[PDB]
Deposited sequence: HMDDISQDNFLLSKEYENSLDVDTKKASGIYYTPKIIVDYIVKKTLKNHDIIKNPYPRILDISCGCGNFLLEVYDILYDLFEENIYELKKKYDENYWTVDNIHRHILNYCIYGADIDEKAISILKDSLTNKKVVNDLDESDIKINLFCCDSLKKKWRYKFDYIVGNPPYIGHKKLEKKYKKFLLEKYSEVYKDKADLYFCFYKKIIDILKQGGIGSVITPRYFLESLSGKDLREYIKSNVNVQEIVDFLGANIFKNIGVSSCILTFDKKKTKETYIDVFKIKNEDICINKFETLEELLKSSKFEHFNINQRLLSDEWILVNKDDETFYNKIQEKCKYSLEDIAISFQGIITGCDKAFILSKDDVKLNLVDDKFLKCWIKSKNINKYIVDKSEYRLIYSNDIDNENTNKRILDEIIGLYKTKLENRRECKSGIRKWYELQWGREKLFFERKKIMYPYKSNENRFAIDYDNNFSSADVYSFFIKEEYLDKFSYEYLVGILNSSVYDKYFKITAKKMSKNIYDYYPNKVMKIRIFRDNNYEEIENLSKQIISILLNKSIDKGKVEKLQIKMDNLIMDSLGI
């Protein structure tokens, strides 16, 4: 399956990571460094390590010959020494190890067979017999849906310090690498960036912060590093050195449309205008890692201090309907099959794209709220001609197999009363803040999140005021500071972060609310000349900036 050009780490990144770890190695003082890659594959990293080592030994061959055994340190012996004592690799694929072993053997190209330290094993189960000086590589990423159940139980029992709930497989590789790193060693890996902000990575970030000194983080944000692969990458470099001060070099990319396979070295790219550099004090990291420059930190801290309320304080949040099979329960509003379904069971259905700022597009789909169907004898045509077409798939849902749900019921139908009221809705993934007031009792899947204001905060906050500030440029920038960057121009808008947004009340409340009412009034007209909306938004942003003192 995984036999193609994908998953090959680009040469620029491989070269950077190998150099970053061995740039300043004192081969005279320690001529026996152990370099490990625990997901070496065909040896993208290890073959480069061999070359870097060979130059390093050959450049100091006469100093080694003089300080140590004169007969042992010769140029002809460098190849044997590297393979015996220096390069280590591990991979679960037997064929990959077979190829890597031949590649290392053919580096020199008789005598006694040289023992190459390659292991065909599960790196997370191996009883590692010693720690390592340097660890580099590109671990596998496997999410919570794509992991096997038996294997996941093992991770939960043994890697509980970093792996729980919706965590990822590469969380465990981070723990393994840190655990088998020598005092004073250096590790450098490329992994997905999502653990820097995700709720799942909370324990993993705590593990890294409390056990290694993070030297450098390269955040590519939504840039496409791996061709034809939908993943966002970062490079972490960490050590176990005794140092008094622990500051992190953060290199965050500025333009996501760059092509990495166009510059000579990654170092040239990082020092250029295509990246920004700033320092974060590792002691000042909380459970959240707020990796922003001084301007954005000052901006963020001003808003946090000024706002006395959060959305969670004043709102009730909930995820959308999860049918478990959308094609079985969602039909076009013009589908002739809806004449078989009583309007009592029909609900309006919108997708994330139907959410704009301040207002929702008119629904084009309907949801059959099948939970309200009492008996199978009644409304049999609905069960036999609409929902039953997917009966086999519906029966394969978890709650149907355990008997909690009937085969025709919605898997997670939530509570209708939550949806059939005035509320605010936003897409779960978007390029910008899009918070709308729903007036039409719209239902939606889990690609749209909703909340409504608690009764006790209705006098302080109105729906019109909230969509005003939340759709403002100030709050767009404020949310994206700590949001979870998913892919190019996509952020996660999930309650675990959206409900942490903080809000304020001051003298500008009335004028902000009135401007929001004007914007809503314009956006709902048939002859909508939606140009004045931009001007009103600009005026509102000025009031908000005045309110927060920025």
Exercise. Quick one: where does the model skip the deposited sequence?
Worked result: 1 to 24, 134 to 137
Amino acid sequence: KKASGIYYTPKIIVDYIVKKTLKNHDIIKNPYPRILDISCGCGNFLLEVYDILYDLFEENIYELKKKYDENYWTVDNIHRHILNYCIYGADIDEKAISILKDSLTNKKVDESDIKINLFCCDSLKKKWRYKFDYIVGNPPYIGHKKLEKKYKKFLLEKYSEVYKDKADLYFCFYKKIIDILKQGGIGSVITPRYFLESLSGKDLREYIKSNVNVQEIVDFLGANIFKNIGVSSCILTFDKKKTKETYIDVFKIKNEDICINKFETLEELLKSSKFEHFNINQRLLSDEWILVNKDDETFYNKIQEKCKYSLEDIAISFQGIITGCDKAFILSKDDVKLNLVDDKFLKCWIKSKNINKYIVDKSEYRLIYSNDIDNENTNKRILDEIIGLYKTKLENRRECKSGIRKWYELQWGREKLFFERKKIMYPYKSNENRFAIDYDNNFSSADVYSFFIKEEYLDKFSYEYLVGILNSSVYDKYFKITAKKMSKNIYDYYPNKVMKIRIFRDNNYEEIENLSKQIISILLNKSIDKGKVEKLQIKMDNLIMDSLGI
From here on, numbers count along this sequence of modelled residues.
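Just so we're on the same page, rigid core means the largest C-alpha set that superposes within 1.5 Å between forms.
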For this session: Would you mind working out which of 262 to 270 and 282 to 290 sits farther from this form in 8 other deposited structures of this protein by RMS C-alpha distance, with the rigid core as the fit?
Result: 262 to 270
For this session: Just give me the stretch that moves more in 8 other deposited structures of this protein: 303 to 311 or 373 to 381, judged by RMS C-alpha distance after a core fit.
Result: 373 to 381
Exercise. In at least a third of the other compared PDB entries, does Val109 have no coordinates?
Worked result: yes
For this session: Between 96 to 104 and 165 to 173, name whichever shows the higher mean Cα B factor according to the PDB entry.
Result: 96 to 104
Exercise. So 83 to 91 or 445 to 453, which one's hotter by mean CA B-factor in the entry?
Worked result: 83 to 91
Seminar exercise, completed: Highest CA B factor of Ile386, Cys307, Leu417, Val136, as deposited, is found at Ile386
Seminar exercise, completed: Top Cα B-factor in this entry, restricted to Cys40, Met486, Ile503, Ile27, sits on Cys40
For this session: Would you check the entry's CA temperature factor for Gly403 and let me know if it's in the chain's lowest, middle or highest third?
Result: highest
Seminar exercise, completed: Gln537: C-alpha B-factor third of its chain, per the entry, is the lowest
Seminar exercise, completed: Chain-relative C-alpha B factor for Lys353 (record values, thirds): the lowest
Exercise. Among the chain's modelled residues, which third holds the C-alpha B-factor of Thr482?
Worked result: lowest
Seminar exercise, completed: Split the chain's modelled residues into thirds by Cα B-factor; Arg34 lands in the middle
